[PDB]
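J.: My questions will all concern the structure given below.
Number of protein chains: 2
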Amino acid sequence: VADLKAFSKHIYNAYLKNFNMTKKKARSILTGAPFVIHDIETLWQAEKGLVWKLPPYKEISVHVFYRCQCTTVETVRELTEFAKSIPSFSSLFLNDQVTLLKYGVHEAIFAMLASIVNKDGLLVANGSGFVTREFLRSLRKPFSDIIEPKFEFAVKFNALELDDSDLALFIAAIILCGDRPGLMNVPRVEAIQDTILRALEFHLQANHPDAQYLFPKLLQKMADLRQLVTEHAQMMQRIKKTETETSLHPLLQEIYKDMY
Amino acid sequence: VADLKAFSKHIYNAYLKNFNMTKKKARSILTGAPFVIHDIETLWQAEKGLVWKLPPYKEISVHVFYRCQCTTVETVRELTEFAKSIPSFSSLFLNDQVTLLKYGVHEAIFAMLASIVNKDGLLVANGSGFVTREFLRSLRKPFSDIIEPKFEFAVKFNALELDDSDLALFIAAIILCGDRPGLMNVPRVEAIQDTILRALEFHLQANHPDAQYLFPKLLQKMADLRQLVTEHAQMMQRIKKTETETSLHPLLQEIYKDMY
Ligand SMILES: O=C(O)CCCCCOc1ccccc1Cn1c(-c2ccc(OC(F)(F)F)cc2)nc2ccccc21
Ligand SMILES: O=C(O)CCCCCOc1ccccc1Cn1c(-c2ccc(OC(F)(F)F)cc2)nc2ccccc21
Numbered sequence: 172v173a174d175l176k177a178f179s180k181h182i183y184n185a186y187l188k189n190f191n192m193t194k195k196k197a198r199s200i201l202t203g209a210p211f212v213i214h215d216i217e218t219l220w221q222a223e224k225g226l227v228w229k235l236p237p238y239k240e241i242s243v244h245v246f247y248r249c250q251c252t253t254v255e256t257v258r259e260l261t262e263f264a265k266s267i268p269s270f271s272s273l274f275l276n277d278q279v280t281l282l283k284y285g286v287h288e289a290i291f292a293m294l295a296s297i298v299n300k301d302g303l304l305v306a307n308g309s310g311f312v313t314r315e316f317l318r319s320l321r322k323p324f325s326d327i328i329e330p331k332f333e334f335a336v337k338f339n340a341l342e343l344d345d346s347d348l349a350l351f352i353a354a355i356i357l358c359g360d361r362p363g364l365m366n367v368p369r370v371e372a373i374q375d376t377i378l379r380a381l382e383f384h385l386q387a388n389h390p391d392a393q394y395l396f397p398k399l400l401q402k403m404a405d406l407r408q409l410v411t412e413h414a415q416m417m418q419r420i421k422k423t424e425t426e427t428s429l430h431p432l433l434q435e436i437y438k439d440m441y
Numbered sequence: 172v173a174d175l176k177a178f179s180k181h182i183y184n185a186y187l188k189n190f191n192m193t194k195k196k197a198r199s200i201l202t203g209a210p211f212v213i214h215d216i217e218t219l220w221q222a223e224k225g226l227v228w229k235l236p237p238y239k240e241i242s243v244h245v246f247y248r249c250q251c252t253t254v255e256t257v258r259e260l261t262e263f264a265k266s267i268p269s270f271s272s273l274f275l276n277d278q279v280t281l282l283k284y285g286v287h288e289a290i291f292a293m294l295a296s297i298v299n300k301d302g303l304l305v306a307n308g309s310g311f312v313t314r315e316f317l318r319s320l321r322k323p324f325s326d327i328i329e330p331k332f333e334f335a336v337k338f339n340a341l342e343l344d345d346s347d348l349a350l351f352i353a354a355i356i357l358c359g360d361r362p363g364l365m366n367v368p369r370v371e372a373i374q375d376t377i378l379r380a381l382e383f384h385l386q387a388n389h390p391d392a393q394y395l396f397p398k399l400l401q402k403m404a405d406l407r408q409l410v411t412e413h414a415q416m417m418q419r420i421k422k423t424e425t426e427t428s429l430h431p432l433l434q435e436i437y438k439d440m441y
């Protein structure tokens, strides 16, 4: 319908408004330049100005973990603003908005990760840096363990060849999940999500006319993301317990507090 | 200072904006008319149009309890809007805004109750009804038990002879408490509260020049309110467990969920 077309483009513009790094920009950068971070000395150089311009850390692995936290916390703030633009999200009681974000932002974050990833690494600092996967693999347990599964997910996710207009609806659908623990107005949320998902099905058909089964494949990706984040949360809670000298940003603490 | 004077008047206007029933209006109505609800048949008449124009109930006590819930849920919504007008409250992360409201709205509600109370009853439905205390006392345990302590608090509170401009700062100070369980940015909240409280001390001195110790007496009232609401929450959780056929509004369920 033309509502669904108008709805999709509204969500897309909210996405363009709230996330500076898009898949389109990242793909232009990746295909052809970013400074390559691939060891401790190029990380130092990157911090010295080439890429970037952090609680005290004692090892490279925790230092990288802290950069991870900086970026995800920023992306949580962007997603909160984005969600305010999803029709009827702001009509929910504030505590439901908080529950939806608490349980959805990291699913959305690890979906958006694929936009800035190739099989060899990811873009950092707004395209100006590229961190190699093989360097992240060089970090110690459990930081390498919490990183690599996200690459695996992301490279498979990129096989679907989504673009930003698809992703904007996908992320909105992730945030508006009616089965989050402790929601109050489950039917409200479900209805909003159903509007988003019908818009997504339509948009995918218009945008990828020759792609068969793309919509159910994306619904499956949503479930895979839930599982990915469940296991992520498990590793973050564990790191909190075992890695006493490693800091968690208080927003991430709150998100993982009593999660799953 | 004149900041503190400007701050106080900003909070006052936010209060005038968000709560239709003020102490000033209620005192004009009480002093001299509202329809008097004092038994089951005058409650029926009031519902028939004289005052009002509810999940299914089987007894007068639960029916009154449901009216209680209607009003408090409305007042929670007004307080949420009010809080958005307290300087820097909206700058807090959404989850902290939710924690502050969760733990503060009923303290604020049972403070504001005194505005519409005299020793004989309270105003309902925007001054058009007056429910007698002795009728509320006629309800069965535990509804009479959850009602009477609020009257006792309120009549003592009215002995302080606060007016609406005092109350607006008092309620703001209640919402901005830095010791709520689970807050993230405790120092932020404390600082905002300290601004509110210095404004309150100033405002009280300007408004009640001959009242000695009024400010520490109000701080004590805040602690008394915390205790009142702690015990209230205990009785609501108990009613939830023992009174299986009695409904709780899902917002009240969320507020009392894991409270104290
Ligand atoms: O659970 C939390 O919320 C905090 C902990 C998250 C830990 C795992 O995170 C990742 C896992 C795989 C790939 C990338 C990231 C972090 N990740 C980064 C990133 C990675 C490393 C960085 O630093 C260094 F390597 F030194 F450049 C800086 C940013 N950008 C991202 C953009 C979108 C999504 C994720 C992004
Ligand atoms: O914990 C929750 O959130 C829900 C349960 C609350 C139970 C106890 O509540 C009260 C206790 C004492 C006095 C008044 C009220 C409710 N209370 C009423 C009220 C009372 C009775 C009513 O109904 C009837 F009596 F039939 F008219 C309707 C409204 N107005 C209020 C205005 C401000 C503050 C409280 C007000």
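Keeping their order, the protein sequence lines are chains A and A'. A prime marks a further copy of an entry chain.
Residues 172 to 203, 209 to 229, 235 to 441 (the entry's author numbering) are what the first sequence spells out, left to right.
Residues 172 to 203, 209 to 229, 235 to 441 (the entry's author numbering) are what the second sequence spells out, left to right.
In this text, a Cβ means the ideal position worked out from N, Cα and C, and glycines have one as well.
(1) State the Cα-Cα distance for the pair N388(A) and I297(A), rounded to the nearest angstrom.
(2) Quick one: which chain A' residues come within Cβ less than 9 Å of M365(A)?
(3) Please classify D360(A): is it buried, with 16 or more other beta-carbons within 10 angstroms of its beta-carbon, or exposed?
(4) What does the alpha-carbon distance come out to for the pair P368(A') and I355(A')?
(5) According to DSSP, which residues form a beta bridge with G308(A)?
(6) Where do the ends of the alpha helix (DSSP H) carrying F246(A) lie?
(7) Output the distance between the C-alpha atoms of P390(A) and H384(A), rounded to the nearest integer angstrom.
(8) Helix, strand or coil, according to DSSP, for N299(A') in the structure here?
(9) Determine the extent of the alpha helix (DSSP H) in which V336(A') is found, giving its start and end residues.
(10) Regarding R318(A') and ligand 2, is the C-beta to nearest heavy atom distance less than 8 Å?
(11) Report yes if the C-beta of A349(A) is less than 8 Å from at least one heavy atom of ligand 1; otherwise report no.
(12) Quick one: does the C-beta of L433(A') sit closer than 8 Å to a heavy atom of ligand 2?
(13) Check whether the Cβ of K283(A') lies closer than 9 Å to any Cβ atom in chain A.
(14) With a threshold of 9 Å between beta-carbons, can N276(A') be considered close to chain A, or not?
(15) Quick check: the Cα distance between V227(A') and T252(A'), rounded to an integer number of angstroms?
(16) Among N307(A'), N276(A'), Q221(A') and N189(A'), whose alpha-carbon lies nearest the alpha-carbon of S199(A')?
(17) To the nearest angstrom, report how far apart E426(A') and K300(A) are at their CA atoms.
(18) Shorter than 9 Å from the beta carbon of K224(A') to some beta carbon of chain A?
(19) Since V279(A') meets chain A, which of its residues come closer than 8 Å, beta carbon to beta carbon?
(20) Hey, does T256(A') have any beta-carbon neighbour from chain A nearer than 9 Å?
(21) Quick one: what does DSSP say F211(A') is sitting in, helix, strand or coil?
(22) Is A222(A') near ligand 2, with its Cβ less than 8 Å from a heavy atom?
(23) Whole angstroms is fine: what's the gap from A353(A)'s alpha carbon to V370(A)'s?
(24) Indicate whether at least one CB of chain A' lies closer than 9 Å to the CB of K421(A).
(25) What is the DSSP secondary structure of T427(A), counted as helix, strand or coil?
(26) Please state if the CB of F338(A') and the CB of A292(A') are separated by a distance shorter than 9 Å.
(27) Could you name the residues of chain A' that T261(A) contacts, counting a contact when the two beta carbons are closer than 7 Å?
(28) Which whole-angstrom value describes the C-beta separation of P237(A) and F311(A), a residue pair presumed to lie in contact below a C-beta threshold of 8 Å?
(29) On the premise that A222(A) lies in contact with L304(A), defined as a C-beta separation below 8 Å, what is that separation, rounded to the nearest angstrom?
(30) Does the segment 263-271 of chain A come into contact with the segment 181-198 of chain A, if we say contact requires no fewer than three beta-carbon pairs (one atom in each stretch) closer than 8 Å?
(31) Is it the case that the Cβ atoms of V410(A) and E240(A) are separated by a distance below 9 Å?
(32) With DSSP collapsed to three states, give me the class of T313(A').
(33) With DSSP as the reference, label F396(A) as helix, strand or coil.
(34) Check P362(A) in the structure and name its three-state DSSP category.
(35) Report yes if the C-beta of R361(A) is less than 8 Å from at least one heavy atom of ligand 1; otherwise report no.
T.: Taking the definition as stated:
(1) To locate residue 388(A), count along the first sequence from 1; it is residue 207. To locate residue 297(A), count along the first sequence from 1; it is residue 116. The alpha-carbon atoms of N388(A) and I297(A) are separated by roughly 21 Å.
(2) Within the first sequence, numbered from 1, the residue matching residue 365(A) stands at position 184. Here the neighbours are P431, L432, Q434 and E435.
(3) Working through the first sequence from its first residue, we reach residue 360(A) at position 179. The residue is exposed, with fewer than 16 neighbouring Cβ atoms inside 10 Å.
(4) Here residue 368(A') corresponds to residue number 187 of the second sequence, with the count starting at 1. Here residue 355(A') corresponds to residue number 174 of the second sequence, with the count starting at 1. Their Cα atoms are separated by approximately 16 Å.
(5) As a first step, residue 308(A) is located in the first sequence; it is residue number 127 there, counting from the start. Partner(s): none; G308(A) has no beta bridge.
(6) Numbered from 1 along the first sequence, position 65 holds the residue referred to as residue 246(A). Note, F246(A): alpha helix (DSSP H), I241 to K265.
(7) Looking up residue 390(A) in the first sequence gives position 209. Looking up residue 384(A) in the first sequence gives position 203. When rounded, the distance between both Cα atoms is 10 Å.
(8) Here residue 299(A') refers to the residue found at position 118 of the second sequence. In this structure, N299(A') counts as strand in the three-state DSSP scheme.
(9) The count along the second sequence starts at 1 and reaches residue 336(A') at position 155. Per DSSP, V336(A') belongs to the alpha helix (DSSP H) from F324 to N339.
(10) Sequence index remark: in the second sequence, residue 318(A') carries index 137 (1-based). No.
(11) As a first step, residue 349(A) must be located in the first sequence, where it is residue number 168. No, the beta carbon of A349(A) sits no closer than 8 Å to any heavy atom of ligand 1.
(12) Here the question's residue 433(A') lines up with position 252 in the second sequence. Correct: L433(A') has its Cβ closer than 8 Å to ligand 2.
(13) In the second sequence, residue 283(A') corresponds to position 102, counting from 1. Answer yes: the Cβ-Cβ gap between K283(A') and chain A drops below 9 Å somewhere.
(14) As a position in the second sequence, residue 276(A') is number 95, starting the count at 1. At least one chain A Cβ lies under 9 Å of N276(A').
(15) Counting from one through the second sequence, the residue named residue 227(A') turns up at place 51. Counting from one through the second sequence, the residue named residue 252(A') turns up at place 71. If you take the alpha carbons of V227(A') and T252(A'), they lie about 14 Å apart.
(16) Working through the second sequence from its first residue, we reach residue 199(A') at position 28. The shortest Cα separation from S199(A') among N307(A'), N276(A'), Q221(A') and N189(A') belongs to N307(A').
(17) As a first step, residue 426(A') must be located in the second sequence, where it is residue number 245. As a first step, residue 300(A) must be located in the first sequence, where it is residue number 119. The alpha-carbon atoms of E426(A') and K300(A) are separated by roughly 58 Å.
(18) Residue numbering aside, residue 224(A') sits at position 48 when the second sequence is read from its first letter. Taking Cβ atoms only, chain A never reaches closer than 9 Å to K224(A'), which makes this a no.
(19) Position 98 of the second sequence, counted from the start, is the residue given in the question as residue 279(A'). Under the 8 Å cutoff, chain A gives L275, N276 and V279.
(20) Taking the first residue of the second sequence as position 1, residue 256(A') is located at position 75. Cβ-Cβ to chain A under 9 Å: no for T256(A').
(21) Along the second sequence, read from residue 1 onward, the residue named residue 211(A') stands at position 35. Of the three classes helix, strand and coil, the one that applies to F211(A') here is strand, per DSSP.
(22) Within the second sequence, residue 222(A') is the residue found at index 46, counting from 1. Yes, ligand 2 has a heavy atom inside 8 Å of this Cβ.
(23) Residue mapping note: residue 353(A) aligns to position 172 of the first sequence, counting from 1. Residue mapping note: residue 370(A) aligns to position 189 of the first sequence, counting from 1. Taking the straight line joining both Cα atoms gives about 12 Å.
(24) Locating residue 421(A) in the first sequence gives position 240, counting from the first residue. No, because no Cβ of chain A' sits closer than 9 Å to the Cβ of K421(A).
(25) Along the first sequence, one-based indexing puts residue 427(A) at 246. It is coil, neither helix nor strand.
(26) Locating residue 292(A') in the second sequence gives position 111, where the first residue counts as 1. Locating residue 338(A') in the second sequence gives position 157, where the first residue counts as 1. It is a contact, given that the beta carbons lie within the stated cut-off.
(27) The residue labelled residue 261(A) in the question sits at position 80 within the first sequence. Within chain A', the residues near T261(A) are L275.
(28) Walking along the first sequence from the start, residue 237(A) turns up at place 56. Walking along the first sequence from the start, residue 311(A) turns up at place 130. Contact doesn't hold; Cβ gap of about 26 Å is too wide.
(29) Position 123 of the first sequence, counting from 1, holds the residue named residue 304(A). Position 46 of the first sequence, counting from 1, holds the residue named residue 222(A). 12 Å between Cβ atoms; not a contact.
(30) yes
(31) Against the first sequence, residue 410(A) aligns to sequence position 229. Against the first sequence, residue 240(A) aligns to sequence position 59. Not a contact, by the Cβ cut-off of 9 Å.
(32) Against the second sequence, residue 313(A') aligns to sequence position 132. Strand at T313(A').
(33) In the first sequence, counting from the first residue as 1, residue 396(A) sits at position 215. In the structure shown, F396(A) sits in a helix (DSSP, three-state: H, G or I).
(34) Numbered from 1 along the first sequence, position 181 holds the residue referred to as residue 362(A). In this structure, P362(A) counts as coil in the three-state DSSP scheme.
(35) The residue given as residue 361(A) occupies position 180 in the first sequence. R361(A): no, Cβ never under 8 Å from ligand 1.
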